[PDB]
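Read the structure below first, then the notes.
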Amino acid sequence: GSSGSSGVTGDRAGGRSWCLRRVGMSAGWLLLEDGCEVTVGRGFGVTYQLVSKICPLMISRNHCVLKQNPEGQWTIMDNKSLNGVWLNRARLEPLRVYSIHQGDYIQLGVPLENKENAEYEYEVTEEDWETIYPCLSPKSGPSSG
């Protein structure tokens, strides 16, 4: 799939919903609901938790936080990242605003000595809820059950 026309919305769970397509995989898609803060990390309390067996320490609680600035545009901000956050082959700063767009690359942390690119990689893409629903990400925070 991943194809269709965009226009007016008039149906429950309709319209489009941005997200972070996991580069290299077809799962763990972090939904980016318009007007909904998305905090990723490992510590309990974040909307998205990421735990691994190889290097689970590589990620820290609240490694990053997405949100649409008062203007109405999505902006990725790093909550004082320790290892550092990368965006489109660029280093990010702590507590900074970065306007993202379709075709981006968010990297949580730095690559290893035996890994060309960071294990965790995503891509800002706009996909309907019915498209990311099937392959959604592990939500650690609350939700409208």
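Going by the structure tokens order, chains are called A, B, ..., each with residues numbered from 1, while ligands are numbered from 1 in the order shown.
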
Legend entry - Selection near residue 104 in chain A, 8 Å with only C-alpha atoms, sequence-local residues under 6 positions removed, as a list in words: residues 87, 88, 123, 124 and 125 of chain A

Test item, strand (DSSP E or B) assignment across chain A, answer as a compact mmCIF listing (two decimals) with N, CA and C atoms, in the first residue's frame:
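As written to disk, part_25.txt reads:
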# COMPACT_ATOMS: atom_id res chain seq x y z
N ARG A 16 -4.58 11.82 7.93
CA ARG A 16 -3.23 11.28 8.01
C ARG A 16 -2.60 11.57 9.37
N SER A 17 -1.62 10.75 9.74
CA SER A 17 -0.94 10.92 11.02
C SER A 17 0.56 10.65 10.88
N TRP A 18 1.35 11.71 10.98
CA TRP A 18 2.80 11.60 10.86
C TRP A 18 3.34 10.53 11.81
N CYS A 19 4.60 10.16 11.61
CA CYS A 19 5.24 9.14 12.44
C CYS A 19 6.72 9.03 12.12
N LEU A 20 7.37 8.01 12.68
CA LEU A 20 8.79 7.79 12.46
C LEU A 20 9.05 6.36 11.98
N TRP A 29 6.74 1.66 14.64
CA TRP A 29 6.43 2.97 14.10
C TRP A 29 5.84 3.88 15.17
N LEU A 30 6.58 4.93 15.52
CA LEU A 30 6.13 5.88 16.53
C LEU A 30 5.13 6.87 15.95
N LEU A 31 3.87 6.73 16.34
CA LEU A 31 2.81 7.61 15.86
C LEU A 31 3.02 9.04 16.35
N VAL A 38 5.36 13.41 21.96
CA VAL A 38 5.90 12.06 21.87
C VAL A 38 7.29 11.98 22.49
N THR A 39 7.37 11.39 23.68
CA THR A 39 8.64 11.25 24.38
C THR A 39 9.16 9.82 24.29
N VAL A 40 10.37 9.67 23.76
CA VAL A 40 10.99 8.36 23.62
C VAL A 40 12.16 8.20 24.58
N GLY A 41 12.40 6.96 25.00
CA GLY A 41 13.50 6.69 25.92
C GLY A 41 13.48 5.26 26.44
N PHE A 44 11.00 4.48 32.73
CA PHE A 44 9.55 4.45 32.85
C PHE A 44 8.98 5.86 32.96
N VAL A 46 7.99 7.56 29.87
CA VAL A 46 7.95 8.05 28.50
C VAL A 46 6.84 7.38 27.71
N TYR A 48 7.14 6.26 24.68
CA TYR A 48 7.73 5.16 23.93
C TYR A 48 9.00 4.65 24.61
N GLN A 49 8.99 3.38 24.98
CA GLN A 49 10.15 2.77 25.64
C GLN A 49 10.91 1.86 24.68
N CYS A 64 14.50 11.88 23.62
CA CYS A 64 13.99 12.91 22.73
C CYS A 64 12.51 13.16 22.97
N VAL A 65 12.01 14.29 22.47
CA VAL A 65 10.61 14.65 22.64
C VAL A 65 10.10 15.44 21.44
N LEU A 66 9.11 14.89 20.74
CA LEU A 66 8.54 15.55 19.58
C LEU A 66 7.29 16.33 19.96
N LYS A 67 7.05 17.43 19.25
CA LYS A 67 5.88 18.27 19.51
C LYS A 67 5.78 19.39 18.47
N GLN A 68 4.55 19.81 18.19
CA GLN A 68 4.31 20.87 17.22
C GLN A 68 4.35 22.24 17.89
N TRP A 74 5.65 20.68 13.29
CA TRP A 74 6.35 19.68 14.09
C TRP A 74 7.79 20.09 14.34
N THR A 75 8.26 19.85 15.56
CA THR A 75 9.63 20.20 15.93
C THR A 75 10.20 19.19 16.92
N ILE A 76 11.31 18.56 16.55
CA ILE A 76 11.96 17.58 17.41
C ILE A 76 12.93 18.25 18.38
N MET A 77 12.79 17.94 19.66
CA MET A 77 13.66 18.51 20.68
C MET A 77 14.27 17.41 21.55
N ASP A 78 15.57 17.51 21.78
CA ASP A 78 16.28 16.53 22.60
C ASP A 78 16.34 16.97 24.05
N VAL A 85 21.95 13.48 19.82
CA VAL A 85 20.95 13.14 18.82
C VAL A 85 21.34 13.67 17.45
N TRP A 86 21.11 12.87 16.42
CA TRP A 86 21.43 13.26 15.05
C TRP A 86 20.17 13.44 14.22
N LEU A 87 20.22 14.37 13.27
CA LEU A 87 19.07 14.64 12.40
C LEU A 87 19.53 15.01 11.00
N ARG A 91 24.42 17.13 13.94
CA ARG A 91 24.39 17.04 15.40
C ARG A 91 23.36 18.00 15.98
N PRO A 94 21.06 20.22 23.10
CA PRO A 94 20.14 19.95 24.21
C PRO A 94 19.07 21.03 24.35
N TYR A 98 13.96 21.98 16.47
CA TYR A 98 14.38 21.62 15.12
C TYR A 98 13.17 21.24 14.26
N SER A 99 12.88 22.08 13.27
CA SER A 99 11.75 21.83 12.37
C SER A 99 12.05 20.67 11.43
N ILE A 106 16.03 10.56 12.07
CA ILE A 106 16.33 10.77 13.48
C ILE A 106 17.15 9.62 14.05
N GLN A 107 18.29 9.96 14.64
CA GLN A 107 19.18 8.95 15.22
C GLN A 107 19.34 9.18 16.73
N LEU A 108 18.86 8.22 17.52
CA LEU A 108 18.95 8.31 18.97
C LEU A 108 20.24 7.68 19.47
N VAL A 124 10.93 10.39 9.32
CA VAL A 124 9.68 11.15 9.39
C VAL A 124 8.85 10.97 8.13
N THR A 125 7.74 10.26 8.25
CA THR A 125 6.86 10.02 7.11
C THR A 125 5.39 10.17 7.51
N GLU A 126 4.58 10.64 6.57
CA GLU A 126 3.15 10.83 6.82
C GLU A 126 2.35 9.63 6.33
N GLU A 127 1.75 8.90 7.26
CA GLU A 127 0.96 7.72 6.93
C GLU A 127 -0.32 7.68 7.76
N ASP A 128 -1.43 7.34 7.11
CA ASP A 128 -2.72 7.26 7.79
C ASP A 128 -2.65 6.32 8.98
N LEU A 136 2.38 -0.66 14.59
CA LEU A 136 2.57 0.42 15.54
C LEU A 136 3.74 0.13 16.47
N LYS A 139 3.76 1.42 22.87
CA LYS A 139 3.42 2.58 23.68
C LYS A 139 3.54 2.27 25.17

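For the pair CA of residue 83 in chain A and CA of residue 53 in chain A, the separation is 18.0 Å.
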
Legend entry - DSSP helix (DSSP H, G or I) residues within chain A, listed as a PyMOL selection string: chain A and resi 56-58+129-132

Legend entry - Surrounding residues of residue 51 in chain A excluding itself and chain neighbours under 6 positions, 9 Å, only C-alpha atoms, as a VMD selection string: chain A and resid 41 to 42 57 59

Legend entry - Given only C-alpha atoms as the counted atoms, nearest of A:81, A:117, A:131, A:52 to residue 1 in chain A: A:131

Inset, instruction - Provide the CA of residue 84 in chain A to CA of residue 96 in chain A distance in Å, to one decimal place. - result: 12.1 Å

Name the residues in contact with residue 118 in chain A at a cut-off of 7 Å, using only C-alpha atoms, excluding same-chain residues fewer than 5 positions from it; report them as an mmCIF file with C-alpha atoms, in the first residue's frame.
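So out.cif came out as:
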data_model
loop_
_atom_site.group_PDB
_atom_site.id
_atom_site.type_symbol
_atom_site.label_atom_id
_atom_site.label_comp_id
_atom_site.auth_asym_id
_atom_site.auth_seq_id
_atom_site.Cartn_x
_atom_site.Cartn_y
_atom_site.Cartn_z
ATOM 1 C CA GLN A 107 19.175 8.952 15.225
ATOM 2 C CA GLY A 109 22.554 8.011 20.099
ATOM 3 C CA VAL A 110 25.826 7.224 18.341
ATOM 4 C CA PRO A 111 26.955 4.196 16.293
ATOM 5 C CA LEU A 112 29.222 1.452 17.635
#

Legend entry - Between CA of residue 89 in chain A and CA of residue 137 in chain A, distance in Å (one decimal): 24.1 Å

Legend entry - Selected residue of minimal separation from residue 24 in chain A among A:105, A:2, A:61, A:72, counting only C-alpha atoms: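 Of all the options, A:105 lies closest to residue 24 in chain A.
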
Legend entry - Option closest in space to residue 133 in chain A, from A:90, A:25, A:54, A:13 [counting only C-alpha atoms]: A:13

For residue 22 in chain A, list every protein, DNA or RNA residue within 7 Å, evaluated using only C-alpha atoms, and leave out those in the same chain fewer than 4 positions away; present the list as a JSON list (two decimals) with N, CA, C and O atoms, in the first residue's frame.
[["chain", "number", "residue", "atom", "x", "y", "z"],
["A", 26, "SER", "N", 9.97, -2.77, 9.47],
["A", 26, "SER", "CA", 8.60, -2.42, 9.12],
["A", 26, "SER", "C", 7.72, -2.39, 10.36],
["A", 26, "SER", "O", 6.50, -2.53, 10.27],
["A", 27, "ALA", "N", 8.34, -2.21, 11.52],
["A", 27, "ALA", "CA", 7.60, -2.16, 12.78],
["A", 27, "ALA", "C", 8.15, -1.07, 13.70],
["A", 27, "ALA", "O", 9.06, -0.33, 13.32],
["A", 28, "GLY", "N", 7.60, -0.98, 14.90],
["A", 28, "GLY", "CA", 8.05, 0.02, 15.85],
["A", 28, "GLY", "C", 7.85, 1.43, 15.34],
["A", 28, "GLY", "O", 8.68, 2.31, 15.57],
["A", 29, "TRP", "N", 6.74, 1.66, 14.64],
["A", 29, "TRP", "CA", 6.43, 2.97, 14.10],
["A", 29, "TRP", "C", 5.84, 3.88, 15.17],
["A", 29, "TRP", "O", 4.74, 3.64, 15.67],
["A", 121, "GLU", "N", 17.17, 3.68, 14.07],
["A", 121, "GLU", "CA", 17.02, 4.69, 13.03],
["A", 121, "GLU", "C", 15.57, 4.77, 12.56],
["A", 121, "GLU", "O", 14.89, 3.75, 12.43],
["A", 122, "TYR", "N", 15.10, 5.98, 12.31],
["A", 122, "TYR", "CA", 13.73, 6.20, 11.86],
["A", 122, "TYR", "C", 13.69, 7.18, 10.69],
["A", 122, "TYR", "O", 14.72, 7.65, 10.23],
["A", 123, "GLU", "N", 12.48, 7.48, 10.22],
["A", 123, "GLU", "CA", 12.30, 8.40, 9.11],
["A", 123, "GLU", "C", 10.93, 9.07, 9.17],
["A", 123, "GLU", "O", 9.90, 8.40, 9.09]]
